[PDB]
Amino acid sequence: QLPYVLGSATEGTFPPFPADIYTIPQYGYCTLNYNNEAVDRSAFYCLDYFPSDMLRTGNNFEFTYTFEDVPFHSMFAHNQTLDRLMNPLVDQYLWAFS
Amino acid sequence: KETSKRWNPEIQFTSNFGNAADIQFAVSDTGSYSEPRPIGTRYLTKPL
Amino acid sequence: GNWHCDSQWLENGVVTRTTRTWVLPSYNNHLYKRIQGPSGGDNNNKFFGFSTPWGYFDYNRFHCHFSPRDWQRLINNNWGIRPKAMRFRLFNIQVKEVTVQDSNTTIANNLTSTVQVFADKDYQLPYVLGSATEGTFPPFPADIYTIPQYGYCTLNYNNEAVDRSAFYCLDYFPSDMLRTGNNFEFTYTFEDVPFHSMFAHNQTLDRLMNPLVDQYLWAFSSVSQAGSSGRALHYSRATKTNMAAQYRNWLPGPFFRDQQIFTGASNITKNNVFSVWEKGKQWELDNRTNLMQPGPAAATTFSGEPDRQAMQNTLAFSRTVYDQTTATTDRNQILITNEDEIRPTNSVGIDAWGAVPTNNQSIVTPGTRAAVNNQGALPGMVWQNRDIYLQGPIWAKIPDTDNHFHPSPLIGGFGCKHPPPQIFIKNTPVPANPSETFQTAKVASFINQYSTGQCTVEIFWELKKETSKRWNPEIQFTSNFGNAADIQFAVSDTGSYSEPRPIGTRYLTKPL
Amino acid sequence: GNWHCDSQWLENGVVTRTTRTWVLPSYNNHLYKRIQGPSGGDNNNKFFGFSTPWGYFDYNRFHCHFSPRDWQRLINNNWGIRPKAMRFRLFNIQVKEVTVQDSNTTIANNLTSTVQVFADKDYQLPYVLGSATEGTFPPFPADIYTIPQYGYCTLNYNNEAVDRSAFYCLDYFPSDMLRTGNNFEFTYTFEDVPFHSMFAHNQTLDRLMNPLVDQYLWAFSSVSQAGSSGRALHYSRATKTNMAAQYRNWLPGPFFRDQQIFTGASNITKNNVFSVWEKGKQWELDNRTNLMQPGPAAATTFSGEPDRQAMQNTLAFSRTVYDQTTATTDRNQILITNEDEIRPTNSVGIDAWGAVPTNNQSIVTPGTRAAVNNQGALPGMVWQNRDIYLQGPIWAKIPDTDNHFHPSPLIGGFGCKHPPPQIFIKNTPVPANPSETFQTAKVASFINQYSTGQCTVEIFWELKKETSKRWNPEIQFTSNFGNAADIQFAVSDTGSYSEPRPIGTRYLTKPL
Amino acid sequence: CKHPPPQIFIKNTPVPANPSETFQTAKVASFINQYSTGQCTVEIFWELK
Amino acid sequence: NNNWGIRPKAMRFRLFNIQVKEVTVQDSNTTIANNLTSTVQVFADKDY
């Protein structure tokens, strides 16, 4: 229900190296607009309006999430070309205009 | 149903703007029913 | 606890959860002090009372509990609203210990220090919440709420005390001392109050008749001269053509007139030079005269004349809670409510309520009549209350008195004998090192400290949903008209939250 | 069904069965049309609304349900009456199909055609029954009842519509289509309403005292001149000789004054030439001023002065339902009610309610006082409602508003939040032959037809019987005084039924 | 994904500096300067072909 | 104003209060009358 900024590939991701320390980036979002000024349909989301969990030192936060079915990525290349799928040793039985 | 957690209010379809002396979506004196303006379903907004 | 600012919508009701962060100063240096009114010749502004080293939570306004989107969803879909139950709880307490040295301040926690809190359930302390004053929660959840000091006025003759004036020590009341780990909570249920009317009227009070037929009731019409010295009495039945003289079962509500002002660019010149305190309406009690500020509700202006309207009745709000300016000459800075939606039932405030015959006629004396500027309740009166606004007070406490008359608060909202309790809070004093030798002098030296925390307020509201079988669409509150480049009910670049326009609950209409 | 016009009397109650034959025209050629007020400079008579191809049963008058003999038996034996339950049913429907050719009309039945009927139980349509207008059932059972057309007014600025005006299509509501064999019925139960007072008072409001004793209460009496420059305060106890200055617990009801007319042969000359719309009393709402026609009830005339009486308050009726004359200069044509029976509690309308001191006296300023022409409710007021009449309305609908004050209808009868529903009825249109080739034009050609039938209404009334222990006999309604050769409440030789005089419910008396 | 991994938001709740000991209506701009640190573990089960 | 989405689920069509009228024109004058026994035949094409 809040503008989702993760799709665009931007900075503020965890480091690749485990010893590094991760500075958490600030959250901001864009809304519908005409140039810099706001169109009538632009929205303002206050993230305080959302229920949160306040956490002290002893406290800790957790949640689990399960991906919806997505297709496997193809980690393979192809041995064959799309146009070369044919048997090289034979001829077609299909006539065509020449 | 809507669940909209944006803070500020939203556009909604209201009868207001127009000729005040004109009552909209009602019969005339002759008895002819009339639709003064088109009405679509997209008013409420949602994050893309 | 946790942070709940959301509101969840239910069948025939809604709960509004709101959460704030508060700061509590130590007021009056831990002393009960005796305040009094300003020294002057004007006896109207004088008072006598006490100020206490205490503070109180005032969450009574609508925009504390509702967001502008929740409010829209409320008012467009619903005919009525009233509160049912409430839950206030207070948690994440931490007190800070301030030390200033070398013009350099240092703040630190004290985990063992306490803050003591009690709610007055028996209404045994002067109840200051009814009057609509500052120190309410902010409308915007990210803001921080400074808890106002508690003080009260007692019976008085000018600034000096009358014999019956009282002194209440809030320490005499049992309290709950609270450290960091501790938290305070109590629940409260509203007594039955009438639903507010979130609807306007489709019909005028006098037009309730069938326009196609005539009445069967004859009525006296006129005296005419028949012959030279003779007379003739004329009677007539009211016809659909003549609706002015016609029988009716009902009358407008009680009325108290108020002067007019010209509120608009072209008309602004037609105003005479004057002040409210002179030409306005007022009521006096004991030796003081008080402006009757809201008064009984009345339509603010005529149909087709939006720019000439009543000076007394309409409420007005600031578009930010934080403005320090107490007077302004421009109306774009502040928000002004429009009372026009009660025009069918309530007569406009400008023009008189009616006219009365003042004498017994004869051939010697022609009959005389006079205008009715003020009218008390007559049998057959019906009237609407001033509607509630997003920025206006939710409730007031009906005074404890032998007699009430239709006791809805004249500012707005819901009157109660047993309103929500006042919740009092204090920093227990922690004294500075004593003198190591016993002295009899009073202890004036305390550890400078304040406390902060979070308070959640949860109110279950009962709703009366629309069922509207009118064919054509209805007026509803939309964000549209205004400056498009201006986004409304949002923060600025500086971070200041602002309310661009007032929002009332009466949009939907219903047959009278 | 069958024909029940009888009424059967029960212990502590009565049911009044009445039956009529009705005709239903096809109104507006099966169209919703937009009516508006008359074109003129007078803004008081302007309105905006709609007229519907519908009709409605208005049975709301007393003489519909009661016969003059049943009414007599009612009022002489009973202290109070209120309605309890009601049953309306509609049967023996037959629609007639009219064809006019060669200036010669031919009427025939259509057995398959339908008439659709619904009662509005949720009060979601403008309710026109409260205003007392024509189209009620006849008082005489042999007459035939033409069902009036339904139309309503909506919020307006002069004749043109304001933005909040509504349009109700009565087709959007679920209806029951009915052929000949079919019949419609529904039952309804009145919410608790107070009994009407069918009694007068034996005592005056101010005479409640024991005439044989004196009060023990002292009161200030006068200031006197003691010596030259001195003064003396005199106190006195009220004695059975002096009843004017005496303590009392109660006061007359709210009051609104009204001008006087000279209603009788010798006095008729003492009238000045004037009209109600000038010298009368009125109330204004929005930009319109409306004559306050019934107003709060008040005694119409003084004791011993029957011929000088109030012009506004008294109701008046026609002695036949069918008279087309809307104005008349003779009072023998129409019936005029006398409100004198409330004289003990209610102050007369002519003279002022009282007098108020208007200034603070001193030796420099003598005290001044002014008359009270209009008075709103004060603590300790008691008053009587205008009594119901055989020809007057039974009920009205209390408007839907936040606030009511003693909401009894100012014309008379019983106010209700949920009054008897409005029963709507219509002739479903049957179109004429189409064009045999598809056209897009609207269908204006319908088979000309109307429908008739019978409707029975049955109301159970709750009665409060007299127990009167006064020694001597009481006033009762008798047919005696009048023209002996004139038989009253009977048909003429032409067949016209007529009501010779008005009949109210207050005859029996009871101690105040 | 229609329903990708949620966005996880985090904030430092503000703790205000000492008030003025007399009630003022101005907005509270003075907060205790603070930041927070900690550890976050992320565990994703991947399906392999 | 209150809703993000809409789609139809089920539908019920029914047809009733049938009456056929029998038209006769003579002398430039039309006369319409009922025929109670005449029929009107109706079918819905479910198989498209």
# chains A, B, ... in the order shown; residues from 1 in each chain; ligands from 1
>>> residues_around(residues="residue 51 of chain A", least_positions_apart="2", cutoff="9 Å", atoms="only C-alpha atoms", output="PDB file with N, CA, C and O atoms, in the first residue's frame")
ATOM      1  N   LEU A  47       4.054   7.381   6.702  1.00  0.00           N
ATOM      2  CA  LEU A  47       4.331   6.016   7.112  1.00  0.00           C
ATOM      3  C   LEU A  47       4.058   5.803   8.590  1.00  0.00           C
ATOM      4  O   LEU A  47       4.142   4.667   9.061  1.00  0.00           O
ATOM      5  N   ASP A  48       3.749   6.862   9.332  1.00  0.00           N
ATOM      6  CA  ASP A  48       3.347   6.692  10.720  1.00  0.00           C
ATOM      7  C   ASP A  48       1.935   6.147  10.829  1.00  0.00           C
ATOM      8  O   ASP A  48       1.607   5.484  11.814  1.00  0.00           O
ATOM      9  N   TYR A  49       1.096   6.393   9.828  1.00  0.00           N
ATOM     10  CA  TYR A  49      -0.272   5.908   9.877  1.00  0.00           C
ATOM     11  C   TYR A  49      -0.358   4.389   9.900  1.00  0.00           C
ATOM     12  O   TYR A  49      -1.418   3.851  10.220  1.00  0.00           O
ATOM     13  N   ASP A  53       6.152  -1.843  15.010  1.00  0.00           N
ATOM     14  CA  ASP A  53       6.617  -2.513  16.214  1.00  0.00           C
ATOM     15  C   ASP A  53       7.791  -1.719  16.755  1.00  0.00           C
ATOM     16  O   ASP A  53       8.840  -1.647  16.113  1.00  0.00           O
TER      17      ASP A  53
ATOM     18  N   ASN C   2       3.027  -0.699  21.126  1.00  0.00           N
ATOM     19  CA  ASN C   2       3.431  -0.505  19.745  1.00  0.00           C
ATOM     20  C   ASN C   2       2.716   0.716  19.189  1.00  0.00           C
ATOM     21  O   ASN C   2       1.899   1.344  19.864  1.00  0.00           O
ATOM     22  N   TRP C   3       3.004   1.037  17.941  1.00  0.00           N
ATOM     23  CA  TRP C   3       2.526   2.264  17.325  1.00  0.00           C
ATOM     24  C   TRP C   3       1.322   1.923  16.462  1.00  0.00           C
ATOM     25  O   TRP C   3       1.472   1.318  15.399  1.00  0.00           O
ATOM     26  N   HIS C   4       0.133   2.310  16.905  1.00  0.00           N
ATOM     27  CA  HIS C   4      -1.075   2.141  16.104  1.00  0.00           C
ATOM     28  C   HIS C   4      -1.607   3.525  15.786  1.00  0.00           C
ATOM     29  O   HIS C   4      -2.192   4.175  16.654  1.00  0.00           O
ATOM     30  N   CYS C   5      -1.405   3.996  14.565  1.00  0.00           N
ATOM     31  CA  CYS C   5      -2.103   5.180  14.097  1.00  0.00           C
ATOM     32  C   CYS C   5      -3.205   4.861  13.095  1.00  0.00           C
ATOM     33  O   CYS C   5      -3.896   5.774  12.642  1.00  0.00           O
ATOM     34  N   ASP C   6      -3.385   3.595  12.734  1.00  0.00           N
ATOM     35  CA  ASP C   6      -4.375   3.227  11.737  1.00  0.00           C
ATOM     36  C   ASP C   6      -5.786   3.318  12.307  1.00  0.00           C
ATOM     37  O   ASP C   6      -5.998   3.395  13.514  1.00  0.00           O
TER      38      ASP C   6
END
>>> interface_residues(of="chain C", to="chain B", cutoff="9 Å", atoms="only C-alpha atoms", output="MDAnalysis selection string")
chainID C and resid 6 67:73 471:480 487:490
>>> write_last_selection(atoms="N, CA and C atoms", output="PDB file, in the first residue's frame")
ATOM      1  N   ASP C   6      -3.385   3.595  12.734  1.00  0.00           N
ATOM      2  CA  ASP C   6      -4.375   3.227  11.737  1.00  0.00           C
ATOM      3  C   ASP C   6      -5.786   3.318  12.307  1.00  0.00           C
ATOM      4  N   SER C  67      -7.724  10.775  10.149  1.00  0.00           N
ATOM      5  CA  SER C  67      -6.972  11.377   9.065  1.00  0.00           C
ATOM      6  C   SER C  67      -7.930  11.993   8.066  1.00  0.00           C
ATOM      7  N   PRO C  68      -7.463  12.923   7.238  1.00  0.00           N
ATOM      8  CA  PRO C  68      -8.366  13.512   6.246  1.00  0.00           C
ATOM      9  C   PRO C  68      -8.954  12.496   5.287  1.00  0.00           C
ATOM     10  N   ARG C  69      -8.253  11.404   5.011  1.00  0.00           N
ATOM     11  CA  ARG C  69      -8.843  10.385   4.159  1.00  0.00           C
ATOM     12  C   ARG C  69      -9.861   9.560   4.926  1.00  0.00           C
ATOM     13  N   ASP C  70      -9.550   9.203   6.172  1.00  0.00           N
ATOM     14  CA  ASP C  70     -10.539   8.538   7.006  1.00  0.00           C
ATOM     15  C   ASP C  70     -11.765   9.410   7.196  1.00  0.00           C
ATOM     16  N   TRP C  71     -11.568  10.718   7.327  1.00  0.00           N
ATOM     17  CA  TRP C  71     -12.699  11.609   7.530  1.00  0.00           C
ATOM     18  C   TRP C  71     -13.579  11.654   6.293  1.00  0.00           C
ATOM     19  N   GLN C  72     -12.966  11.745   5.114  1.00  0.00           N
ATOM     20  CA  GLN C  72     -13.720  11.705   3.869  1.00  0.00           C
ATOM     21  C   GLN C  72     -14.532  10.428   3.769  1.00  0.00           C
ATOM     22  N   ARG C  73     -13.871   9.286   3.936  1.00  0.00           N
ATOM     23  CA  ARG C  73     -14.563   8.006   3.918  1.00  0.00           C
ATOM     24  C   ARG C  73     -15.697   7.978   4.921  1.00  0.00           C
ATOM     25  N   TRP C 471     -32.667   9.264  -6.983  1.00  0.00           N
ATOM     26  CA  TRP C 471     -32.184   8.771  -8.264  1.00  0.00           C
ATOM     27  C   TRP C 471     -30.823   9.355  -8.600  1.00  0.00           C
ATOM     28  N   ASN C 472     -30.700  10.654  -8.537  1.00  0.00           N
ATOM     29  CA  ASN C 472     -29.533  11.351  -9.040  1.00  0.00           C
ATOM     30  C   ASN C 472     -28.421  11.375  -8.004  1.00  0.00           C
ATOM     31  N   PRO C 473     -27.188  11.636  -8.424  1.00  0.00           N
ATOM     32  CA  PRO C 473     -26.064  11.609  -7.487  1.00  0.00           C
ATOM     33  C   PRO C 473     -26.105  12.738  -6.470  1.00  0.00           C
ATOM     34  N   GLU C 474     -25.269  12.589  -5.444  1.00  0.00           N
ATOM     35  CA  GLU C 474     -25.192  13.505  -4.318  1.00  0.00           C
ATOM     36  C   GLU C 474     -23.856  14.223  -4.257  1.00  0.00           C
ATOM     37  N   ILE C 475     -23.884  15.378  -3.594  1.00  0.00           N
ATOM     38  CA  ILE C 475     -22.663  16.083  -3.250  1.00  0.00           C
ATOM     39  C   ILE C 475     -21.805  15.202  -2.370  1.00  0.00           C
ATOM     40  N   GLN C 476     -20.509  15.178  -2.651  1.00  0.00           N
ATOM     41  CA  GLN C 476     -19.563  14.492  -1.794  1.00  0.00           C
ATOM     42  C   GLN C 476     -18.286  15.304  -1.709  1.00  0.00           C
ATOM     43  N   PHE C 477     -17.528  15.071  -0.647  1.00  0.00           N
ATOM     44  CA  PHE C 477     -16.322  15.846  -0.418  1.00  0.00           C
ATOM     45  C   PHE C 477     -15.208  15.321  -1.305  1.00  0.00           C
ATOM     46  N   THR C 478     -14.709  16.178  -2.182  1.00  0.00           N
ATOM     47  CA  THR C 478     -13.648  15.822  -3.101  1.00  0.00           C
ATOM     48  C   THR C 478     -12.520  16.827  -2.965  1.00  0.00           C
ATOM     49  N   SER C 479     -11.311  16.373  -3.268  1.00  0.00           N
ATOM     50  CA  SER C 479     -10.129  17.209  -3.156  1.00  0.00           C
ATOM     51  C   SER C 479      -9.967  18.170  -4.318  1.00  0.00           C
ATOM     52  N   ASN C 480     -10.805  18.054  -5.344  1.00  0.00           N
ATOM     53  CA  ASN C 480     -10.554  18.665  -6.641  1.00  0.00           C
ATOM     54  C   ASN C 480     -10.342  20.169  -6.627  1.00  0.00           C
ATOM     55  N   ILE C 487      -0.908  20.582  -3.465  1.00  0.00           N
ATOM     56  CA  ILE C 487      -1.383  19.346  -2.866  1.00  0.00           C
ATOM     57  C   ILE C 487      -1.871  19.654  -1.461  1.00  0.00           C
ATOM     58  N   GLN C 488      -3.084  19.223  -1.152  1.00  0.00           N
ATOM     59  CA  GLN C 488      -3.758  19.610   0.074  1.00  0.00           C
ATOM     60  C   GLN C 488      -3.641  18.520   1.122  1.00  0.00           C
ATOM     61  N   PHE C 489      -3.563  18.944   2.382  1.00  0.00           N
ATOM     62  CA  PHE C 489      -3.389  18.037   3.512  1.00  0.00           C
ATOM     63  C   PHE C 489      -2.121  17.210   3.346  1.00  0.00           C
ATOM     64  N   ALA C 490      -1.011  17.905   3.128  1.00  0.00           N
ATOM     65  CA  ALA C 490       0.296  17.282   3.034  1.00  0.00           C
ATOM     66  C   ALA C 490       1.327  18.264   3.560  1.00  0.00           C
TER      67      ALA C 490
END
>>> closest_atom_pairs(of="chain D", to="chain F", cutoff="12 Å", atoms="only C-alpha atoms", output="JSON lines")
{"residue": "D:97", "atom": "CA", "partner": "F:33", "partner_atom": "CA", "distance": 9.5}
{"residue": "D:98", "atom": "CA", "partner": "F:32", "partner_atom": "CA", "distance": 10.6}
{"residue": "D:99", "atom": "CA", "partner": "F:31", "partner_atom": "CA", "distance": 8.0}
{"residue": "D:100", "atom": "CA", "partner": "F:29", "partner_atom": "CA", "distance": 10.0}
{"residue": "D:101", "atom": "CA", "partner": "F:29", "partner_atom": "CA", "distance": 7.7}
{"residue": "D:102", "atom": "CA", "partner": "F:29", "partner_atom": "CA", "distance": 9.5}
{"residue": "D:106", "atom": "CA", "partner": "F:31", "partner_atom": "CA", "distance": 11.1}
{"residue": "D:108", "atom": "CA", "partner": "F:33", "partner_atom": "CA", "distance": 9.8}
{"residue": "D:109", "atom": "CA", "partner": "F:33", "partner_atom": "CA", "distance": 10.1}
{"residue": "D:110", "atom": "CA", "partner": "F:34", "partner_atom": "CA", "distance": 7.7}
{"residue": "D:111", "atom": "CA", "partner": "F:34", "partner_atom": "CA", "distance": 9.2}
{"residue": "D:112", "atom": "CA", "partner": "F:19", "partner_atom": "CA", "distance": 7.0}
{"residue": "D:113", "atom": "CA", "partner": "F:19", "partner_atom": "CA", "distance": 8.1}
{"residue": "D:114", "atom": "CA", "partner": "F:17", "partner_atom": "CA", "distance": 8.3}
{"residue": "D:115", "atom": "CA", "partner": "F:17", "partner_atom": "CA", "distance": 11.5}
{"residue": "D:177", "atom": "CA", "partner": "F:17", "partner_atom": "CA", "distance": 9.2}
{"residue": "D:178", "atom": "CA", "partner": "F:17", "partner_atom": "CA", "distance": 10.3}
{"residue": "D:179", "atom": "CA", "partner": "F:17", "partner_atom": "CA", "distance": 9.8}
{"residue": "D:428", "atom": "CA", "partner": "F:17", "partner_atom": "CA", "distance": 11.0}
{"residue": "D:430", "atom": "CA", "partner": "F:19", "partner_atom": "CA", "distance": 9.4}
{"residue": "D:431", "atom": "CA", "partner": "F:21", "partner_atom": "CA", "distance": 9.6}
{"residue": "D:432", "atom": "CA", "partner": "F:32", "partner_atom": "CA", "distance": 7.8}
{"residue": "D:433", "atom": "CA", "partner": "F:23", "partner_atom": "CA", "distance": 7.3}
{"residue": "D:434", "atom": "CA", "partner": "F:23", "partner_atom": "CA", "distance": 10.6}
{"residue": "D:446", "atom": "CA", "partner": "F:32", "partner_atom": "CA", "distance": 10.9}
{"residue": "D:447", "atom": "CA", "partner": "F:32", "partner_atom": "CA", "distance": 8.3}
{"residue": "D:448", "atom": "CA", "partner": "F:32", "partner_atom": "CA", "distance": 10.7}
>>> closest_atom_pairs(of="chain E", to="segment 60-70 of chain A", cutoff="8 Å", atoms="only C-alpha atoms", output="JSON lines")
{"residue": "E:1", "atom": "CA", "partner": "A:68", "partner_atom": "CA", "distance": 7.2}
{"residue": "E:3", "atom": "CA", "partner": "A:68", "partner_atom": "CA", "distance": 7.2}
{"residue": "E:4", "atom": "CA", "partner": "A:67", "partner_atom": "CA", "distance": 7.0}
{"residue": "E:5", "atom": "CA", "partner": "A:65", "partner_atom": "CA", "distance": 6.9}
>>> closest_residue(among="D:399, D:281, D:155, D:188", to="residue 120 of chain D", atoms="only C-alpha atoms")
D:188
>>> closest_atom_pairs(of="chain E", to="chain A", cutoff="10 Å", atoms="only C-alpha atoms", output="JSON lines")
{"residue": "E:1", "atom": "CA", "partner": "A:68", "partner_atom": "CA", "distance": 7.2}
{"residue": "E:2", "atom": "CA", "partner": "A:68", "partner_atom": "CA", "distance": 8.1}
{"residue": "E:3", "atom": "CA", "partner": "A:68", "partner_atom": "CA", "distance": 7.2}
{"residue": "E:4", "atom": "CA", "partner": "A:67", "partner_atom": "CA", "distance": 7.0}
{"residue": "E:5", "atom": "CA", "partner": "A:65", "partner_atom": "CA", "distance": 6.9}
{"residue": "E:6", "atom": "CA", "partner": "A:65", "partner_atom": "CA", "distance": 8.2}
{"residue": "E:7", "atom": "CA", "partner": "A:4", "partner_atom": "CA", "distance": 7.2}
{"residue": "E:8", "atom": "CA", "partner": "A:63", "partner_atom": "CA", "distance": 9.9}
{"residue": "E:9", "atom": "CA", "partner": "A:27", "partner_atom": "CA", "distance": 8.2}
{"residue": "E:10", "atom": "CA", "partner": "A:24", "partner_atom": "CA", "distance": 8.8}
{"residue": "E:11", "atom": "CA", "partner": "A:54", "partner_atom": "CA", "distance": 9.4}
{"residue": "E:12", "atom": "CA", "partner": "A:54", "partner_atom": "CA", "distance": 9.4}
{"residue": "E:13", "atom": "CA", "partner": "A:54", "partner_atom": "CA", "distance": 8.3}
{"residue": "E:36", "atom": "CA", "partner": "A:57", "partner_atom": "CA", "distance": 9.8}
{"residue": "E:37", "atom": "CA", "partner": "A:23", "partner_atom": "CA", "distance": 9.4}
{"residue": "E:38", "atom": "CA", "partner": "A:57", "partner_atom": "CA", "distance": 9.0}
{"residue": "E:39", "atom": "CA", "partner": "A:22", "partner_atom": "CA", "distance": 9.5}
{"residue": "E:40", "atom": "CA", "partner": "A:61", "partner_atom": "CA", "distance": 9.2}
{"residue": "E:41", "atom": "CA", "partner": "A:62", "partner_atom": "CA", "distance": 9.4}
{"residue": "E:42", "atom": "CA", "partner": "A:64", "partner_atom": "CA", "distance": 9.9}
{"residue": "E:43", "atom": "CA", "partner": "A:64", "partner_atom": "CA", "distance": 9.2}
{"residue": "E:44", "atom": "CA", "partner": "A:65", "partner_atom": "CA", "distance": 9.2}
{"residue": "E:45", "atom": "CA", "partner": "A:66", "partner_atom": "CA", "distance": 9.3}
{"residue": "E:47", "atom": "CA", "partner": "A:72", "partner_atom": "CA", "distance": 8.3}
{"residue": "E:48", "atom": "CA", "partner": "A:72", "partner_atom": "CA", "distance": 8.2}
{"residue": "E:49", "atom": "CA", "partner": "A:72", "partner_atom": "CA", "distance": 8.1}
>>> select_by_dssp(residues="segment 233-317 of chain D", states="alpha helix (DSSP H)", output="list in words")
residues 276, 277, 278 and 279 of chain D
>>> residues_around(residues="residue 33 of chain E", least_positions_apart="5", cutoff="10 Å", atoms="only C-alpha atoms", output="tab-separated table (two decimals) with N, CA, C and O atoms, in the first residue's frame")
chain	number	residue	atom	x	y	z
E	14	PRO	N	11.65	9.70	17.66
E	14	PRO	CA	12.29	10.90	18.18
E	14	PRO	C	12.12	11.03	19.69
E	14	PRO	O	11.07	10.72	20.24
E	15	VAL	N	13.18	11.48	20.35
E	15	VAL	CA	13.13	11.78	21.77
E	15	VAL	C	13.44	13.26	21.96
E	15	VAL	O	14.57	13.69	21.73
E	16	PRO	N	12.47	14.07	22.38
E	16	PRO	CA	12.67	15.51	22.36
E	16	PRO	C	13.56	16.02	23.48
E	16	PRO	O	13.67	15.43	24.55
E	17	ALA	N	14.19	17.16	23.20
E	17	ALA	CA	14.98	17.87	24.19
E	17	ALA	C	14.06	18.54	25.21
E	17	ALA	O	12.84	18.65	25.02
>>> select_by_dssp(residues="chain F", states="strand (DSSP E)", output="mmCIF file with N, CA, C and O atoms, in the first residue's frame")
data_model
loop_
_atom_site.group_PDB
_atom_site.id
_atom_site.type_symbol
_atom_site.label_atom_id
_atom_site.label_comp_id
_atom_site.auth_asym_id
_atom_site.auth_seq_id
_atom_site.Cartn_x
_atom_site.Cartn_y
_atom_site.Cartn_z
ATOM 1 N N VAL F 20 -50.965 -9.872 -24.992
ATOM 2 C CA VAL F 20 -50.894 -9.543 -26.406
ATOM 3 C C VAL F 20 -52.118 -8.717 -26.750
ATOM 4 O O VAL F 20 -53.211 -8.950 -26.226
ATOM 5 N N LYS F 21 -51.931 -7.728 -27.609
ATOM 6 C CA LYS F 21 -53.001 -6.844 -28.024
ATOM 7 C C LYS F 21 -53.290 -7.069 -29.496
ATOM 8 O O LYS F 21 -52.370 -7.243 -30.293
ATOM 9 N N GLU F 22 -54.568 -7.050 -29.846
ATOM 10 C CA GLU F 22 -55.044 -7.374 -31.181
ATOM 11 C C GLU F 22 -55.595 -6.107 -31.814
ATOM 12 O O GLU F 22 -56.624 -5.589 -31.373
ATOM 13 N N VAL F 23 -54.920 -5.612 -32.842
ATOM 14 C CA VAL F 23 -55.208 -4.302 -33.411
ATOM 15 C C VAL F 23 -56.097 -4.469 -34.631
ATOM 16 O O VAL F 23 -55.825 -5.306 -35.498
ATOM 17 N N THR F 24 -57.159 -3.672 -34.699
ATOM 18 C CA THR F 24 -58.021 -3.607 -35.870
ATOM 19 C C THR F 24 -58.235 -2.148 -36.226
ATOM 20 O O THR F 24 -58.678 -1.362 -35.385
ATOM 21 N N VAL F 25 -57.924 -1.789 -37.463
ATOM 22 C CA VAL F 25 -58.086 -0.428 -37.953
ATOM 23 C C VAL F 25 -59.251 -0.413 -38.927
ATOM 24 O O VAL F 25 -59.242 -1.138 -39.928
ATOM 25 N N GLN F 26 -60.251 0.413 -38.639
ATOM 26 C CA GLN F 26 -61.366 0.605 -39.548
ATOM 27 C C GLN F 26 -61.820 2.052 -39.475
ATOM 28 O O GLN F 26 -61.827 2.652 -38.397
ATOM 29 N N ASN F 29 -59.755 4.570 -37.828
ATOM 30 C CA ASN F 29 -59.983 4.561 -36.392
ATOM 31 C C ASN F 29 -59.502 3.228 -35.850
ATOM 32 O O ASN F 29 -60.017 2.178 -36.243
ATOM 33 N N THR F 30 -58.535 3.266 -34.942
ATOM 34 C CA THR F 30 -57.897 2.053 -34.459
ATOM 35 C C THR F 30 -58.568 1.551 -33.189
ATOM 36 O O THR F 30 -59.032 2.335 -32.359
ATOM 37 N N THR F 31 -58.639 0.230 -33.057
ATOM 38 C CA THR F 31 -59.237 -0.423 -31.903
ATOM 39 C C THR F 31 -58.304 -1.530 -31.448
ATOM 40 O O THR F 31 -57.952 -2.407 -32.239
ATOM 41 N N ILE F 32 -57.910 -1.490 -30.182
ATOM 42 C CA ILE F 32 -56.975 -2.454 -29.622
ATOM 43 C C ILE F 32 -57.717 -3.283 -28.589
ATOM 44 O O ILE F 32 -58.482 -2.742 -27.784
ATOM 45 N N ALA F 33 -57.504 -4.592 -28.620
ATOM 46 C CA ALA F 33 -58.161 -5.508 -27.706
ATOM 47 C C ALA F 33 -57.212 -6.637 -27.352
ATOM 48 O O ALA F 33 -56.264 -6.931 -28.079
ATOM 49 N N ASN F 34 -57.475 -7.265 -26.216
ATOM 50 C CA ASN F 34 -56.658 -8.375 -25.765
ATOM 51 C C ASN F 34 -57.044 -9.670 -26.461
ATOM 52 O O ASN F 34 -58.183 -9.866 -26.887
ATOM 53 N N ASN F 35 -56.067 -10.567 -26.567
ATOM 54 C CA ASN F 35 -56.314 -11.964 -26.914
ATOM 55 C C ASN F 35 -55.624 -12.778 -25.827
ATOM 56 O O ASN F 35 -54.398 -12.792 -25.730
#
